[PDB]
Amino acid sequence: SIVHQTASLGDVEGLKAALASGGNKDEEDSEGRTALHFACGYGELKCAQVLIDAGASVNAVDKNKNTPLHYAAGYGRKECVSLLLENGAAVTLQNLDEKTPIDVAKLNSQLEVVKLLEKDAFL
């Protein structure tokens, strides 16, 4: 998917182009991943902002019920976590193993992301 490809590579202009030509912002991979999942996991803030502006679901879940916030948390993408937080992402959402994004942060040793979410997440 070209929307997934450009978002994954941080190709903002390409992503903007794909969405312009009618690319589907919430199109999902075979694993249930959306372009916002990749942008947030790879730390592509600009692309994530584009997707969010275009209307992409900030709380989209993949086949493991992981949201873009799980992706940013587990890969330690602090700027992306912050973006998700100011666009009302659900921080208490659990994946299939009953883990919230702050849990995934901890498990992946992303302690700076844990320190941020500790301020906002009430579990």
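Start at 1 and count along the sequence shown; that's the residue number.
Remark: stretch with higher mean C-alpha B factor among 18 to 26 and 104 to 112 is 18 to 26.
Two stretches are in play, 64 to 72 and 50 to 58, and the higher mean C-alpha B-factor belongs to 50 to 58. In the PDB entry, residue 89 places in the middle third of its chain by CA B-factor. Ranked by C-alpha B-factor against the other modelled residues of its chain, residue 83 falls in the middle third. Residue 41 sits in the highest third of its chain by CA B factor, as recorded in the PDB entry. Remark: residue 31 belongs to the highest third of its chain, ranked by C-alpha B-factor as recorded.
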